[PDB]
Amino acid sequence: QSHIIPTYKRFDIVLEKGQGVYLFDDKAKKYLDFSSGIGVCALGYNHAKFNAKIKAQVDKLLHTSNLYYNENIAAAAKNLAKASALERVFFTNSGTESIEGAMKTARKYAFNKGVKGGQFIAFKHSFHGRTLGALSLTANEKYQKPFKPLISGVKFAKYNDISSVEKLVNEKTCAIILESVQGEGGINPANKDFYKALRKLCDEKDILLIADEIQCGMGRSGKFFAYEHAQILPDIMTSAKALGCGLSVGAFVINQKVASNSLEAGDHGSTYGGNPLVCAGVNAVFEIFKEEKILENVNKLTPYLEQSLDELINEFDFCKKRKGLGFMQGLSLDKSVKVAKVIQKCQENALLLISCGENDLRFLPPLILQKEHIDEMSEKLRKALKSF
């Protein structure tokens, strides 16, 4: 996961095309996609409105470089600033690049207050990216070992445990960074009380709160960003994946406090990064989310999704606990059943799921999902589970 992925970790399936919530392999087999390409394809596949906006921009301009302005980029930044409720957007090409941008920003914020070598508190069981800065933010020595030494100055607390955070704070701490919903060690949403405690701690100590919304952001929680459920605002947030619904784009957004103390004289005061194509995509995502009432759809269907998963937990002893937020759900399985084998049976049954944690199923359906697809998922997954 930290570097190059070997054959045994990938699926023996060649995908060719998609339509709505379905993906088709090279044998024309139709699968219900309940993974969204790992939380990326919020609008499913070949969404007519999305594809039209992308194609129109292809015929206009793909790339300008940061040396010039483009209206698409300004409009996309405005959209994301409004949705995140932060102030200044910096577009990147990926989630991991956004994480790097956030780290640099937090380091510079500290440096400008005369704190050199700002340190980071992150959380065990999280993963933030494969580039060397982001990789320094994972506690698992396994993901790091051959690449050390990495970025020093990172310490690891326990997710949802405020006392473990307080214990590690000092005069040199520049940021606390958390995924709003963990995945690496299993799906695990940040508690509302924990997000509030962190916001208060960060206020009191002038430490930057960094919300990593790459996996859970852009509508999947039923709000644009999962931290909204806790009614706090971070000082910096990162977003990617569904931000571009399939196009390569990422961003780190910072509030006015950070902006006023980290950007130097020479700042043009405008958006940084991005290109006209992917930003046309970002604008499309926001416009379509609004028109098709996608947040409303997630909120409407989340109770049914959770109910359906809980029914499977009731029916099968080896299905243990469900955790999740909106359309980001996880189900832990007993060691008596291998998750990879459950996933194989599902694929045979024309259902695409993925895993996380020790032995857990992960559910990340497209946000355009209908109730009928939840029933289809339940039917196919039930058939798989019955064989164990």
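Quick note: we count residues from 1 along the sequence shown, nothing fancier.
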{"property": "Selected stretch [higher average CA B-factor]: 266 to 274 or 183 to 191", "result": "266 to 274"}
{"property": "79 to 87 versus 283 to 291 - which carries the larger mean C-alpha B factor in the record", "result": "79 to 87"}
{"property": "Highest recorded Cα temperature factor - choice among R220, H128, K145, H229", "result": "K145"}
{"property": "C-alpha B-factor winner, where the candidates are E296, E204, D212, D310", "result": "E204"}
{"property": "Chain-wide C-alpha B factor ranking for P234, given as lowest, middle or highest third", "result": "middle"}
{"property": "Record-listed C-alpha B factor of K380: chain third", "result": "middle"}
{"property": "B-factor third for the C-alpha atom of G244 within its chain", "result": "lowest"}
{"property": "Assigned third (lowest, middle, highest) for the C-alpha B factor of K172", "result": "highest"}
{"property": "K60 - which third its CA temperature factor falls in, relative to the rest of the chain", "result": "middle"}
